[PDB]
């Protein structure tokens, strides 16, 4: 009956839908995530179509969301919090990696504040499952840079504070397919400027990934 979905991070009840390609995410504290999906739909629908998993509907307090891992034989997933945290400053200055597929193998700890060097090392660890075909893992990095670039650009013209939103990086083991999308709108707020904190997180990730795509080992 109820099949639990293998979350990489967060603390929310998320199960597979009774149907292919869907996950059900419980809104625990309020329905603010629903309000914010709806708001983004009416005000920035281009942003919603390019960067956010499809919201198919609502069932009581469950959101029926597109499963970002569905079209993948062997998905590797990384959750990076790019929005402001509630209290804590970010474990990597401008963002916090919250988890990744096989993070336990590398003694990853989401409470550990990291140097630039540890941060880069953890992202390399997340890429390890993509294997030795060096000039093909960098195709994955470059496609991520392509979308993160457009996202950082588009974020300048969006009057929301993306408190607590994450980037979900995905690539298949065979490196044939990858994507990144914005998730978790539960704490997103209206404002009358753009979100320089969140933009700074994206540009910083664009910087790290660019260094990875370019270094010659």
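Between two forms, the rigid core is defined as the largest C-alpha subset superposing within 1.5 Å. Numbering follows the first chain given and starts at 1.
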| property | result |
| --- | --- |
| Comparing 127-135 and 140-148 where Cα RMS over structures and residues is taken in 8 other deposited structures of this protein (core fit), larger one | 127-135 |
| Mean C-alpha temperature factor, higher of 143-151 and 102-110 | 102-110 |
| Mean Cα B-factor comparison, 90-98 or 128-136, giving the higher one as deposited | 128-136 |
| Residue with highest C-alpha B-factor in the PDB entry, from 192, 163, 67, 184 | 192 |
| Record-listed C-alpha B factor of residue 196: chain third | middle |
| Where the record places residue 50 (Cα B-factor, split into thirds across the chain) | lowest |
| Record-listed C-alpha B factor of residue 157: chain third | middle |
| Among modelled residues of the same chain, the CA temperature factor third for residue 11 | highest |
| Ranked against its chain, the third holding the CA B-factor of residue 179 | lowest |
